[PDB]
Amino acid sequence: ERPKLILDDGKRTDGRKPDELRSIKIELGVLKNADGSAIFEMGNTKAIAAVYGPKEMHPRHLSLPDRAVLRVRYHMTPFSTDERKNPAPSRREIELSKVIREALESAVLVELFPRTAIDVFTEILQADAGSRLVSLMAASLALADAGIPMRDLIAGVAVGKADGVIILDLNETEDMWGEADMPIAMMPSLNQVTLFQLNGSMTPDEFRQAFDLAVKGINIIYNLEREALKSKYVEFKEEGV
């Protein structure tokens, strides 16, 4: 059966208003051996990212003459979901890795390090929708932690349409039953979209509304990212946009 996505009072299945972010928790430099690391948590989506700083390439001809080669990997641990996800990478996992890589390529100043590869490894520890965004942000921060210079930090939310209501930051449930799921990532200071996807259905209007809301969310997240950079540790109890 279908669960009701916006309850009689105007709150969602987890009791959030249409414009409220899930609880965010960020910490940097958590892994000894990585050059940069970060754990990111939005609600129940938990990702860890490790970065291996600019180094030359083992296969010589595969390097780039003026650029760093970004090597990115989005992967879901078998116990991140309600039923054991298979470790061997899925088509979904492959697409996401590319979408994320490209996202990062627009932020990282890859020209600074020719002939070098920068490894970005990402693991989802619990999936609860928007796993790809938690992953990307974890990466962005892990890169920053690694001291690798980028244009800006990357911040992102999944925005969507529930019971005809446009909602911010989706549930596992909301991803599953809602009309639309639209991940958006930004370099907020530059007002630059880095990742943008929609699956589902929207009128051009709804599209533009959800879009406006996604920004407001992203900005709040971006501030916590700045904070995580300074103090190495950030917690945020859920709040309205």
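One-based numbering along the sequence shown.
Novice: Got a sec? Mean C-alpha B-factor, which is higher, 56-64 or 204-212?
Specialist: Averaged over C-alpha atoms, the B-factors run higher in 56-64.
Novice: Is the mean CA B factor in the deposited entry higher across 229-237 or across 10-18?
Specialist: Higher mean C-alpha B-factor: 229-237.
Novice: Divide the modelled residues of the chain into thirds by Cα B-factor and specify which third, lowest, middle or highest, holds residue 178.
Specialist: It belongs to the highest third of the chain when residues are ordered by C-alpha B-factor.
Novice: Lowest, middle or highest third: where is residue 77 by Cα B-factor in its chain?
Specialist: Residue 77: CA B-factor falls in the middle third of its chain.
Novice: Based on the entry's values, in what third of the chain does the Cα temperature factor of residue 90 lie: lowest, middle or highest?
Specialist: Answer is middle: the recorded C-alpha B-factor places it there.
Novice: Against its chain's modelled residues, does residue 24's Cα B factor rank lowest, middle or highest third?
Specialist: For residue 24, the deposited C-alpha B-factor lands in the middle third.
Novice: According to the PDB entry, is the CA B factor of residue 84 in the bottom, middle or top third of its chain, that is, lowest, middle or highest?
Specialist: For residue 84, whose C-alpha B-factor we compare with every modelled residue in the chain, the answer is the highest third.
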